[PDB]
Structure formats: structure tokens, C-alpha cells
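Below you'll find the structure, written out as C-alpha cells, and then a few comments.
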Amino acid sequence: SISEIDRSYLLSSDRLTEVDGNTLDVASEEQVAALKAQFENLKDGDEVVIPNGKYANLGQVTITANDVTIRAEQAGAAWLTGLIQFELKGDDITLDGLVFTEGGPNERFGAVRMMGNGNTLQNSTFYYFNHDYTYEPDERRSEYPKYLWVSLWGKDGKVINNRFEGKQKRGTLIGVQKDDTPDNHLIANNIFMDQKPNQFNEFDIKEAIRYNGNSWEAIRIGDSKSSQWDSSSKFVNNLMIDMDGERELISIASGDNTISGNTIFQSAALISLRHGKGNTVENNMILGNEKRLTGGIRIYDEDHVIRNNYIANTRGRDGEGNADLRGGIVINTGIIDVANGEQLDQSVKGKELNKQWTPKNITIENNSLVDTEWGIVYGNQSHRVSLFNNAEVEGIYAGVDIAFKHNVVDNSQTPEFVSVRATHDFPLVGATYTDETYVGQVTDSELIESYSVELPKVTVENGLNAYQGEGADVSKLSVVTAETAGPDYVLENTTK
Ligand SMILES: O=C(O)[C@@H]1O[C@@H](O[C@H]2[C@H](O)[C@H](O)[C@H](O[C@H]3[C@H](O)[C@H](O)[C@H](O[C@H]4[C@H](O)[C@H](O)[C@H](O[C@H]5[C@H](O)[C@H](O)[C@H](O[C@H]6[C@H](O)[C@H](O)[C@H](O)O[C@H]6C(=O)O)O[C@H]5C(=O)O)O[C@H]4C(=O)O)O[C@H]3C(=O)O)O[C@H]2C(=O)O)[C@@H](O)[C@@H](O)[C@@H]1O
Ligand SMILES: [Ca+2]
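Sequence positions in the sequence shown follow the deposited numbering and run 20 to 338, 341 to 517.
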């Protein structure tokens, strides 16, 4: 039952063999090289079956062969430590059952660089892989380096049934480095936990905070330069626990993506549609469990579909009129006049692709927000010129053509909570409301054509509130636990 869910419940499974660090022996400097040659000499169709044990500092491992599989002999029993990067240049390469821990990426784009087509990372575990690379404020502006753990640079990549635990230095955990055509990557059934910033005093450099406090997402799909092309990639059926990297939990920066059916539990970070068009966010379960700085989905740019999400028990910061509030659904302001067809454009100074595309043409329907401190927030935030230029942008615009239908914001338990935060500072343009139900405070409610303040009949189905005829259909929702997400083993005797 939802309120009573905890880390223990989501991560328990019987199906999970336990692998223990100690039954593994530390390979000598000599067997590492022997392992490395095996890697580098493999031919199309071959397979390496890493014998069990701990292998420190493989360094740079380049796989040039196609149709190969590198697996541990027993899943979870080959531990790759110190500095390593697998560089997967071949097509149809599969990594399976590996553990990356007690070490760090050998180059900043991660332990695994998936450069080929149809590359796969499955059944693998990353555990606090934060070590052994240089990590200092740089001389130029005191910026700490961005290190990722996995990056995808090819097509049809798969990252499935892994565990990604304790990323706690700067850098996005999975990055998609794409080009001008669809990538169709699948990132699914993974477990993500305990991403967290400022564990090494990074924020102590006050002047550098805006950038040092950025780039701690769990995944970024696309980036500013590539954002106006489709990725058509999927972030689905993942389980995320205490993922507190930064404001963006998932930063979508390309088009036609699906970010659907994830369970996001006690994670002080939001799904963020940051750049790019026509992304779909559906059937997620966002369970704040009353943790401060939790929230649902924040939205820039055009043509997105946000439907049938279940967002509960989220809470904003502890005690500014203009604050970028974390709500269940946040319709951001941006810096371009989209109501008159303005676009971001790499050629127009101040309006480059990495800036803020005022949301437009957004479908928001059949969501259930339950006990959310800030429910649906219509943004009034300002923006800075860039991460390196602190000047505020003059020229801020509200969302346009935002269609709300069949949403339930239920703050019946604490009706002082703000269910809808409308704002005369930036009235939405062309907003419409069809069968909305908002229970709880509505700020600037005279901005809203109509809505009901009485809940439909409420039932409980497998722990969820079901509102008759409205809100998220509970038939489409279910909690992801370690019964389908994550590797088939847990590791014991690991070190952070
Ligand atoms: O607390 C409050 O209430 C308010 O706080 C402040 O406002 C803050 C906001 O609340 C919110 O955080 C907001 O965040 C901004 C942010 O400042 C910035 O504009 C960012 O923009 C995205 C852009 O795309 C940007 O260029 C950058 O992306 C870079 C970056 O290097 C990133 O790591 C990534 O790198 C990869 C890329 O492939 C690259 O080419 C290179 O290869 O390396 C890759 C890698 O290392 O992974 O992509 C780059 C790029 O492609 O350009 O960051 C992006 C992102 O993080 O999404 O996000 C904005 C956002 O709204 O999310 O603004 C904060 C702020 O401090 O201004 C206060 O100002 C006030 O409003 C409130 O009090
Ligand atoms: Ca960010």
C-alpha cells in the first residue's frame, strides 16, 4: 500500500542469487593483460567468458569485432575495478553480467562507450564507480569534470536489467550522444539508486555553483545541438530510488521519446522535458513519500503528451515570489514568443538551442496527483542567459495551447496544499479545461475557465486511488520492483 512502500519492498526479490565479493580473488597484474589480449583479439561471433574474480585497471579496452558477447562466467562474479573503459566499436556487441566498482571511467564518457549499432549492456552492476580519476575544480572557472557511466553513440542500443547505484560525483549517469536520425535506444527494466551531489564539497565554491550543481541527471537523451531531431528512444519500466542528483532526474533533449511506466521513489529530481519535441510521458508512478524537493514532470518545448501518471506525496523546498517551484506537473516559462511562432535558433544571440523553449501545444490528461504540496504549477520563473552568465533574461513568456482534460488533483487530505498554481504574472495563452477536478488551494483561480471541486467516488485498487471516470486509470499503472527490474543477483561485500 502506497504510503507504506519502502526501499526494502521495491528491492526485495527471491529470484536474486547473491554474489559475494570475497569468493572472488584479485587477478595478478599478469592475468589482467591476458584478459585484455583476449578482449582485443576476439573475432566476429566469438565470445569471452570472463572467469570469476576481481580485475583492476584494464584501462582502455577497444572491441572492434562484430557479433560478440563478453559475459562473466557466473553473473555478477567478474568485477572490473580501478580505471576501465570498454569502447564498443563493433556492431551487435553484448556485455552481460559485469560489475564496475572501486574505480572510475578511464575516459569521461564512462565505463561503457556503446559506439556501434545494436550494442547491449545487460545484467550488469555499477556500484559507487566514483574513484581513481582526477576530480578537481579546473583552473579556468573552478568547474569539476563531468564523468558519465554509460554512453550511447550508435543505433538500436539496449541498456536493460542493470543496476546503477551510488553515482556521487558530477556527470550524467547514462548519456545519449546522438546524430540527425532516430536512435531507437531502449533503456528498460533498470534499477537506479542513490545518485547524490555535493558529497565532496563541490558546492563550497559559491561562484561556480550554477554549473557545478548541474549535470547530475540519471539520464540525458540527446543534447542542445541535437535537440531538434528525433531520438525515438525509450526510457521505460525503470525503478529509481533516492535519485537526488539535481532538478532534472531525466533530461530529454531530442524528439519523439517515451518516458513511461517508471517507478520514481523518494527521488528529489523531476522528469524534465528540457529540449526537443513530441515527447510522451505516460503511466509513471512517482512516489515522493513526503521527501522535500520531490516532484513530477517539468516541461519546455512543443507537442508533448503527458497522460495517466500517478504522482503522490511530493513536497517542495523548506521556507521567493518567482521561485522555480517543483510541482507534480510544471508548465515552465521560456524566453521566446511561441504564441507568434518564435523558435530557438543557434544563429540568434540569446535564443540558442540550449536556452528555454516556451512550452506550446501540450496535452495533459488523465493524471492523478495525490497529496502533492504543489500540484500543477504554471511557472513564473525567470531564467539566466547561461550557466556562465548570471544575468537574468528580460523577455519571459507563458505556456501556449496547453490542453488540460480529466486530471484529478486531490489534496483532500491537506487542502492548504496548492493543487493548481495559476499566476497572473504569466497567464497561459490559449489554455483549455475539460472535466478537471482540483481539490485544495487554487492560486489565481479566476484564470481557469472551470473545474469541479468535488472528487468523483474514490476506490482503492492495488493501493492506488481510483477516481471514477477521471484521473489516471489504475489498470495502466503498476509499481516496478526488483521482481522485473535490475540484475538477477545482488552483490555483497562491496565498498563505496
Ligand atoms: O531554485 C530556484 O527556484 C531557482 O534556481 C535558479 O534557477 C535554476 C532553475 O531552478 C533550473 O535549475 C534552471 O536550470 C537551467 C540551467 O541553468 C541550464 O540552462 C540547463 O540547460 C540545459 C542546456 O542544454 C545547457 O547547455 C546544459 O547542457 C550542456 C551541459 O554541458 C550538459 O552536461 C550536456 O553535456 C553533454 C553534451 O552532449 C555536450 O555537448 C558535451 O558533449 O558533454 C555532454 C555531457 O557531459 O554529458 O549538454 C550540454 C549541451 O548540450 O548544451 O545544461 C542543460 C541541462 O542541464 O538541462 O537547464 C536549465 C533548466 O531549466 O533545466 O536554471 C537554474 C539557474 O541557476 O538559473 C535561479 O536562477 C532562480 O530561477 C530560482 O531561484
Ligand atoms: Ca540539468
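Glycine included, every Cβ here is placed at the ideal spot set by N, Cα and C.
Proximity of residue i and residue j at Cβ, strictly below 8 Å
| i | j | result |
| --- | --- | --- |
| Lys225 | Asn203 | no |
| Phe447 | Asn382 | no |
| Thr453 | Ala493 | no |
| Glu265 | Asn220 | no |
| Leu102 | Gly123 | yes |
| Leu61 | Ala84 | yes |
| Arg127 | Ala227 | no |
| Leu390 | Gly335 | no |
| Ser243 | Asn375 | yes |
| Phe105 | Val131 | yes |
| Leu77 | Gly129 | no |
| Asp275 | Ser251 | yes |
| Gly315 | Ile330 | yes |
| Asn328 | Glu301 | yes |
| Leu468 | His445 | yes |
| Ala288 | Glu267 | yes |
| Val414 | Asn257 | no |
| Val87 | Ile112 | yes |
| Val495 | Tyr459 | no |
| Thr515 | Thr120 | yes |
| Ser31 | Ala503 | yes |
| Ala97 | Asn71 | yes |
Inter-residue spacing [alpha-carbon to alpha-carbon] between residue i and residue j
| i | j | result |
| --- | --- | --- |
| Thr282 | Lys73 | 33 Å |
| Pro508 | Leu35 | 8 Å |
| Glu457 | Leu312 | 26 Å |
| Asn308 | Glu37 | 29 Å |
| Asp63 | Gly190 | 33 Å |
| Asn388 | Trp395 | 14 Å |
| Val195 | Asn136 | 13 Å |
| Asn303 | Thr277 | 11 Å |
| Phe145 | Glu48 | 23 Å |
| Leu306 | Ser22 | 8 Å |
| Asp199 | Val511 | 39 Å |
| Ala344 | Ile397 | 15 Å |
| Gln50 | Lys177 | 30 Å |
| residue 340 | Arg293 | Since the model of the chain includes 338 and then 341 but nothing between them, residue 340 has no atomic positions to report. |
| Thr299 | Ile206 | 15 Å |
| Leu408 | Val45 | 44 Å |
| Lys108 | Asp366 | 33 Å |
| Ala487 | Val481 | 6 Å |
| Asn217 | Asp33 | 35 Å |
| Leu192 | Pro201 | 21 Å |
| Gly420 | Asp320 | 9 Å |
| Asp39 | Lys517 | 15 Å |
| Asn483 | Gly95 | 33 Å |
| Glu184 | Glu162 | 24 Å |
| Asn41 | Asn332 | 41 Å |
| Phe222 | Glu470 | 44 Å |
| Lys370 | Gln364 | 12 Å |
| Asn138 | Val169 | 12 Å |
| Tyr147 | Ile179 | 19 Å |
| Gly451 | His323 | 16 Å |
| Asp249 | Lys197 | 9 Å |
| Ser246 | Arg229 | 22 Å |
| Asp157 | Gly338 | 34 Å |
Assumed close pair residue i, residue j - CB separation to whole angstroms, cut-off 8 Å
| i | j | result |
| --- | --- | --- |
| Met133 | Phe211 | Not confirmed; about 18 Å, so no contact. |
| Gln214 | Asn181 | In fact, because the Cβ distance is near 14 Å, the residues do not count as touching under 8 Å. |
| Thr393 | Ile325 | Incorrect: roughly 14 Å between the Cβ atoms, too far for contact. |
| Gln489 | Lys478 | 5 Å |
| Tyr154 | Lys188 | 6 Å |
| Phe284 | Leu29 | 6 Å |
| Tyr399 | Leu449 | 6 Å |
Contact between the region 349-357 and the region 367-386 (3+ Cβ pairs under 8 Å): Between the region 349-357 and the region 367-386 there are three or more inter-stretch CB-CB distances shorter than 8 Å, so the stretches are counted as touching.
Segment contact flag, the region 402-413 with the region 435-442, C-beta cutoff 8 Å, min 3 pairs: Contact fails between the region 402-413 and the region 435-442, because fewer than three Cβ pairs, one in each stretch, are under 8 Å apart.
Segments assigned beta strand (DSSP E), at least 3 residues, entirely inside the region 220-280: Within the region 220-280, the complete beta strand (DSSP E) segments at least 3 residues long are 238-241, 253-255, 258-260, 267-272 and 277-279, listed from N- to C-terminus.
Uninterrupted beta strand (DSSP E) stretches inside the region 473-517 (no shorter than 3 residues): Runs found: 479-482, 485-488 and 510-513.
Beta strand (DSSP E) runs wholly inside the region 75-129, at least 3 long, in chain order: Runs of the beta strand (DSSP E) inside the region 75-129: 78-82, 88-91, 97-107, 113-115 and 117-124.
Cβ contact (3+ pairs, closer than 8 Å) linking the region 269-289 and the region 236-248: Yes, since at least three Cβ pairs between the region 269-289 and the region 236-248 fall closer than 8 Å, the two stretches touch.
contact_flag[the region 463-473, the region 357-372] where n(CB pairs < 8 Å) is 3 or more: Fewer than three pairs of CB atoms, one per stretch, sit closer than 8 Å, so the region 463-473 makes no contact with the region 357-372.
Length at least 3, wholly inside the region 385-451: the beta strand (DSSP E) runs in chain order: Those beta strand (DSSP E) runs which fall completely within the region 385-451 and span 3+ residues are 389-391, 395-399, 421-426, 429-431 and 439-442.
Contiguous beta strand (DSSP E) assignments of at least 3 residues, all confined to the region 274-321: As far as the region 274-321 is concerned, its whole beta strand (DSSP E) runs of at least 3 residues are 277-279, 282-284, 289-294, 299-301, 304-306 and 316-318.
Inter-stretch contact at 8 Å, needing at least 3 Cβ pairs: the region 106-120 / the region 89-98: In this structure the region 106-120 lies against the region 89-98, because at least three pairs of beta carbons, one per stretch, are closer than 8 Å.
Minimum length 4: unbroken alpha helix (DSSP H) runs contained in the region 180-206: For the region 180-206, not a single whole alpha helix (DSSP H) run of length 4 or above is found.
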